Each structure stands twice: as C-alpha cells, then as structure tokens.
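Structural overview
Given next are the chains, with one letter for each unit.
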Amino acid sequence: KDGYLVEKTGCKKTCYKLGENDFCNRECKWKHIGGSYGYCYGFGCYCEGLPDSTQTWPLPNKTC
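Taking the PDB entry as the reference, the chain is identified by name as PROTEIN (NEUROTOXIN CSE-I) belonging to Centruroides sculpturatus. Listed as the entry title in the PDB record is "SOLUTION STRUCTURE OF A BETA-NEUROTOXIN FROM THE NEW WORLD SCORPION CENTRUROIDES SCULPTURATUS EWING". The chain has a UniProt comment under Subcellular location that states "Secreted". What UniProt records for the chain under Sequence similarities is the sentence "Belongs to the long (4 C-C) scorpion toxin superfamily. Sodium channel inhibitor family. Beta subfamily."

See the structure below:
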C-alpha cells in the first residue's frame, strides 16, 4: 500500500523536503483518513498505508 499524491489535473506534487515532510502529511491527510504514513521520497509526495480505495498517483491510465 504505497502511492503518491495527485492533483486537480492529476499531476503529482513535487516537494523540496525529503523524509518526514509535514507539508506532505497535511496534504496527504486530506481526503479519507485510512492513510497512516505520509512522507516525501524522490522530491514527490508519497503516502503509505492507504488502500487503493483512496486517491493516489499515478491516477488511472489517463495521465495528468
């Protein structure tokens, strides 16, 4: 259960803070709450612990 965060257009969310990136925690802790771990990895928001039911990048076959 590990994916990235999407956006209105579906574009991921690059960040300038690797590791425990609160900015990613507050952004990941938005829709749904099943998520348990939200940190950045590779200059990108990454959430871990949320089932596919939640929203996560890459979005469906339709890119951003």
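Applying the stated rule across the entire model yields four disulfides. Residue pairing for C24: its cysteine sulfur links by disulfide to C45, the two sulfurs lying 2.0 Å apart. You can see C24 sitting in helix α1 (residues 22-28) and its partner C45 sitting in strand β3 (residues 45-48), a full 21 residues away along the chain. Considered together, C24 and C45 belong to a single accessibility category, that of buried residues. For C28, the disulfide goes to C47, at an S-S distance of 2.0 Å. Residue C28 is located in helix α1, and its partner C47 is located in strand β3; the two are separated by 19 residues in the primary sequence. Assigned by exposure class, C28 and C47 land together as buried.

Conventions and cut-offs
- Residues numbered from 1 in each chain as written, not as in the entry; some residues may be left out.
- Heavy atoms only, no water.
- UniProt positions renumbered as here; feature names shortened; annotations may be inferred.
- Disulfide = S-S within 2.5 Å.
- Helix = DSSP H or I, 4+ residues; strand = E, 2+ residues; numbered from the N terminus.
- Buried < 20%, exposed > 50% of the residue type's maximum accessible area, 1.4 Å probe, protein only.

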